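Protein chains in written order, with the entry's author numbering: chain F1, 2 to 159, 164 to 204; chain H1, 2 to 204; chain c2, 2 to 103; chain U2, 2 to 148; chain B1, 144 to 201.
Backbone N, C-alpha and C define an ideal beta-carbon position, used for all residues, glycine too.
Following: one structure in structure tokens, then a few remarks.
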Amino acid sequence: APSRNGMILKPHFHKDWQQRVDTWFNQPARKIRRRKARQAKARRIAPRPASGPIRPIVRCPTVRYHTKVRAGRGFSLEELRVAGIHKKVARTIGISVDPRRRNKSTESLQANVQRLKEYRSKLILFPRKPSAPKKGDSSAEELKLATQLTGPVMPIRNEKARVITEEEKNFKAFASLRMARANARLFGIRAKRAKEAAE
Amino acid sequence: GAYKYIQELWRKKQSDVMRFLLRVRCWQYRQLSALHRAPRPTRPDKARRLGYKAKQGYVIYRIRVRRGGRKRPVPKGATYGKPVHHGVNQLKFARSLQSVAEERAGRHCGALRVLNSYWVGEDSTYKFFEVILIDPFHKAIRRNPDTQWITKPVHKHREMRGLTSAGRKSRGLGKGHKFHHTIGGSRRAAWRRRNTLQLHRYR
Amino acid sequence: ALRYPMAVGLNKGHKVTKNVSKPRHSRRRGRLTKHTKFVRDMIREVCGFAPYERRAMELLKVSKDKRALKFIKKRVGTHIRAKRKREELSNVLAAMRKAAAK
Amino acid sequence: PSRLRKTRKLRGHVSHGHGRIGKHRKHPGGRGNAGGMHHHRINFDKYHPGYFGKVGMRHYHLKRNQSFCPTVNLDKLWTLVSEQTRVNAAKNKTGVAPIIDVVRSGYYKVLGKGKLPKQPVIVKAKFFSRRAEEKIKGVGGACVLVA
Amino acid sequence: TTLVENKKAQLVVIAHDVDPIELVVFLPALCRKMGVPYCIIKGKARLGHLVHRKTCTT
RNA sequence: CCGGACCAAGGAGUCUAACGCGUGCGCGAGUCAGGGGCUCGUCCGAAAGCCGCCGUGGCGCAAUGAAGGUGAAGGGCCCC
RNA sequence: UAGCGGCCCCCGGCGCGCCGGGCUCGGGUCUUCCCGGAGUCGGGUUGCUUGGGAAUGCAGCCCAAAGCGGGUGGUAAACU
RNA sequence: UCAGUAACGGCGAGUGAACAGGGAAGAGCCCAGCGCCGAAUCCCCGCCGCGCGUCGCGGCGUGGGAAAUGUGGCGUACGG
């Protein structure tokens, strides 16, 4: 079978694959059907943004991705409470809610709170009965300036030169990283030997 | 409430009280038929936390199940083929003894809907279960919105499709790293997805 | 500066201020309320003990704590479960001795 | 295109380029990588040394995301900022130095292959190499650690 | 059972024949612990006749 | 030695995946939208066009060690 | 055939108005209380299954719980 | 996409996922239990006022039955 130089290939064609072959000739058809579903949904919810509710700002959970920010599932109960929005009225307003999300820090809490306040100020609330309005919005902003948003609501998107001082110039970046890795490694056994020496 | 006391009471199955009760009940069920209609649940507290309610349309059936493993039904124990498939005697059924109790109640009572089941007794040769059934065409059931789901045609013979609580346990579904064989809804669904060659138009 | 945030070491990680909040109600599961302790104590008085619990208490009476632990571990299965069962049976024997002295 | 292939020019030749003596049979050798130790143990030794055997220790549940540490050398360090930044910084007479935030460009560790212009610079990164830090200092810059 | 737990009951009457005895096998001991008097009566339909039903337990 | 009595029509290195080398083209330390989305009901058009505020990602741009880890500047001319 | 071409019959939904029936109650702050699914979990063993490797999942038999507990944290175990 | 990767395998032939990341879609909820409320609850049968495309409403019933071995309302871990 092998002939001179080559690669040791291991193809996974030992399992009657011809009975399970997924062809994508219906791919253009499912793009039109998905598109017409979007357009019909946008008309059915016409004044509403047609891009779903407003999602919060979320940090990606890994070293590879913790420098980036994306959209989360919903605003947590802690940021909804600080903003002063009831958790059972947020869904009706157009606010996604994630009851199972925690808030480890305060900057991420405050960023999502300010995002909620910006949405509330930017929101137009139509009265339940058009003839009889109550605690809603005025006629000027309702029947004259109401438009359906096109894309996602509030899209989520991702240092001056100075004189180097003598203190940071004499900073051992490589040396500190080496001692730091040693200190973490040796932390437990150093304490145990200190305790044994005490005894 | 009295239901909490009964719940803790049934947890002390080794007690002198519960050993006596389980002995006399198991004896009594052994004199009956394998499929028997019960006037009322033996464990009212266990039934209600499994979905039962004291209303017209809810019935209880007691099922007796032979206990043991699965012997391979091959003549003279001769499985023709390779040695790895020679096992006849220490083979096990994929579904539980409780699942086959629900399946046998549903097959006999075709017009009813299996809701759930629970343990009542146990012997060296038999295991006893009690199955809750709902008559989906009783007016007390299909006028109550909280129980109109069982009347829908998609809930026929849940016990034969592994949709009851006992049946689901054998399917190996869940969340996380222990359950990746069913990460698409079922074992067959996952197998098909990772055994299908995707040939796009632009390759 | 002489100090910097670092990805390695004991105090590793991007610096952030911790938000303190009341623990979620899901973490409360499995606590001993007063009423649940009462119902549990009532059932213990009505029912009694399992045969293996009596055998372990016989061992604890003659102060074979090591043998009793290895007997309970073979009954319940896990060392951490066996340890608390021995502590519970020890408390029953202790309260029985205090009442008997009274 | 089937009209540009060898089969078109093999019409009329009784053996289809596969010989009269040895013929074209189903699988004269094995199938796949069969016999890599028995009758193909010259091809495997000549062209794939190390193929058979076990080396090293296993690691269950490897998640490559935590071992993620992209690297950048010093010879590409000034490409992470605009050209105007380097020219203005060099022309400035005081000791002010521009800052290149390497993490903002998607690199975590700075390695020290190459050489730097004689132009002080502040470099921010998660990890530094020993020669990278020495070359940044020699030019007159600083290494700032970021978590 | 709730009334005994609240000491709001002055007398508890328990039928002697409950088909699942677990419904009541705890109740006499609970009544003693909280100091309410309890009696066991000879009949489960007799208590039901009091409450205009077929069967009553307590 | 075996096949071939004669005539007509049919009749056998194909397709998919994976590699390797060679060659044509585009761009070039980058390159590639292929999955998705935006544009009038869409004969052609299930095509074509565009995304750049979709480049996530793939391959390449760094290797070595089993791993913890570490990680690629050379010269010329003067002084000691 | 093209045409936001015409005419006729029928079946609809979403909005706006009329009558009849049902319901007609919320939100913060403080104080006092309440708070959970057992022959199930888990353990041993056997058989099948999985990429899951001192046991990923499933089941048979034996043992068989707890409540500041229980499950998980991809190498068996004790302590934290 | 991760990925023919971590891992499995007479460690041979061969087999082989998941998390993160980008998209399509996007929606959440209900009991049992603990409690409070004179069983407040449900099925059937009649009569009347109705309404009536082939069946719902209100009342009455000195009309039956189910249900205290527990129906209904409030309330389910995001606490109540």
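Nearest to residue i (by Cα), restricted to the options the options
i	options	result
residue 1 (chain c2)	156 (chain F1), 110 (chain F1), 146 (chain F1) and 119 (chain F1)	Residue numbering for chain c2 in the displayed model covers 2 to 103; residue 1 (chain c2) lies beyond these limits and cannot be assessed.
residue 73 (chain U2)	20 (chain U2), 125 (chain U2) and 10 (chain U2)	125 (chain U2)
residue 61 (chain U2)	178 (chain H1), 202 (chain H1), 194 (chain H1) and 199 (chain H1)	178 (chain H1)
residue 174 (chain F1)	94 (chain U2), 77 (chain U2) and 142 (chain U2)	142 (chain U2)
residue 103 (chain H1)	82 (chain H1), 124 (chain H1), 131 (chain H1) and 83 (chain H1)	131 (chain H1)
residue 45 (chain c2)	157 (chain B1), 164 (chain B1), 173 (chain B1) and 197 (chain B1)	173 (chain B1)
residue 95 (chain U2)	40 (chain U2), 148 (chain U2) and 122 (chain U2)	122 (chain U2)
residue 126 (chain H1)	6 (chain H1), 68 (chain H1) and 188 (chain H1)	68 (chain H1)
residue 136 (chain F1)	128 (chain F1), 143 (chain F1) and 142 (chain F1)	128 (chain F1)
residue 200 (chain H1)	9 (chain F1), 7 (chain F1) and 23 (chain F1)	23 (chain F1)
residue 117 (chain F1)	101 (chain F1), 172 (chain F1), 77 (chain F1) and 31 (chain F1)	77 (chain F1)
residue 193 (chain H1)	4 (chain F1), 16 (chain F1), 9 (chain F1) and 102 (chain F1)	16 (chain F1)
residue 7 (chain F1)	18 (chain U2), 47 (chain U2) and 83 (chain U2)	47 (chain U2)
residue 25 (chain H1)	49 (chain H1), 140 (chain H1), 122 (chain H1) and 63 (chain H1)	122 (chain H1)
residue 50 (chain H1)	129 (chain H1), 108 (chain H1), 166 (chain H1) and 172 (chain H1)	166 (chain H1)
residue 162 (chain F1)	15 (chain c2), 21 (chain c2) and 27 (chain c2)	No coordinates exist for residue 162 (chain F1) in the structure shown, because the numbering of chain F1 passes directly from 159 to 164.
residue 64 (chain c2)	22 (chain c2), 21 (chain c2), 94 (chain c2) and 39 (chain c2)	94 (chain c2)
residue 88 (chain c2)	32 (chain c2), 70 (chain c2), 79 (chain c2) and 97 (chain c2)	70 (chain c2)
Residue range of the unbroken alpha helix (DSSP H) whose run includes residue i
i	result
residue 4 (chain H1)	3-12
residue 88 (chain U2)	84-92
residue 17 (chain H1)	17-31
residue 40 (chain c2)	35-48
residue 53 (chain c2)	52-62
residue 91 (chain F1)	91-94
residue 108 (chain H1)	98-109
residue 142 (chain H1)	140-143
residue 33 (chain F1)	28-45
residue 73 (chain c2)	66-77
residue 171 (chain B1)	170-176
residue 48 (chain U2)	44-48
First and last residue of the uninterrupted beta strand (DSSP E) at residue i
i	result
residue 118 (chain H1)	114-123
residue 131 (chain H1)	127-135
residue 37 (chain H1)	36-39
residue 65 (chain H1)	59-67
residue 101 (chain c2)	First-last for residue 101 (chain c2): 80-102, but that is the alpha helix (DSSP H), not the beta strand (DSSP E).
residue 145 (chain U2)	143-146
DSSP bridge partner residues for residue i (one or two, in chain order)
i	result
residue 129 (chain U2)	111 (chain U2)
residue 176 (chain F1)	Note: residue 176 (chain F1) sits in no beta bridge, so no partner.
residue 17 (chain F1)	The partner list for residue 17 (chain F1) (beta bridge, DSSP) is empty, contrary to what the question assumes.
residue 23 (chain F1)	199 (chain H1)
residue 61 (chain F1)	According to DSSP, which records beta bridges pairwise, residue 61 (chain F1) is partnered with nothing at all.
residue 182 (chain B1)	156 (chain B1)
residue 102 (chain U2)	125 (chain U2)
residue 76 (chain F1)	98 (chain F1)
residue 19 (chain c2)	106 (chain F1)
residue 92 (chain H1)	71 (chain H1)
residue 97 (chain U2)	168 (chain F1)
residue 55 (chain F1)	96 (chain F1)
residue 72 (chain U2)	110 (chain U2)
residue 70 (chain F1)	60 (chain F1)
Cβ separation of residue i and residue j, assumed to be a contact under 8 angstroms, to the nearest whole Å
i	j	result
residue 144 (chain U2)	residue 110 (chain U2)	So it is not a contact: roughly 12 angstroms between Cβ atoms.
residue 116 (chain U2)	residue 75 (chain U2)	7 angstroms
residue 54 (chain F1)	residue 96 (chain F1)	6 angstroms
residue 59 (chain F1)	residue 45 (chain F1)	About 29 angstroms separates the two Cβ atoms, so there is no contact after all.
residue 166 (chain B1)	residue 200 (chain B1)	6 angstroms
residue 190 (chain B1)	residue 156 (chain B1)	7 angstroms
Can you pull out the residues from the stretch 41-73 of chain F1 whose beta carbon lies closer than 9 angstroms to at least one beta carbon of chain c2? Under the 9 angstroms Cβ criterion, the stretch 41-73 of chain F1 contributes 64 and 67.
Report the residues of the stretch 174-195 of chain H1 with a CB closer than 8 angstroms to any CB of chain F1, ordered along the chain. Cβ contacts with chain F1 come from 193.
Determine which residues of the stretch 124-143 of chain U2 have a Cβ less than 9 angstroms from any Cβ of chain c2, and write them out in chain order. Going along the stretch 124-143 of chain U2 in chain order, one finds 127 and 128 with a Cβ nearer than 9 angstroms to chain c2.
Scan the stretch 15-28 of chain c2 for residues whose Cβ lies nearer than 7 angstroms to a Cβ of chain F1 and list them as they occur along the chain. Of all residues in the stretch 15-28 of chain c2, 17, 18, 19, 20 and 22 have a Cβ within less than 7 angstroms of some Cβ in chain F1.
Against chain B1: residues of the stretch 6-20 of chain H1 by CB proximity under 8 angstroms: 6, 7, 10, 11 and 18: these are the residues of the stretch 6-20 of chain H1 whose beta carbon lies less than 8 angstroms from some beta carbon of chain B1, given in chain order.
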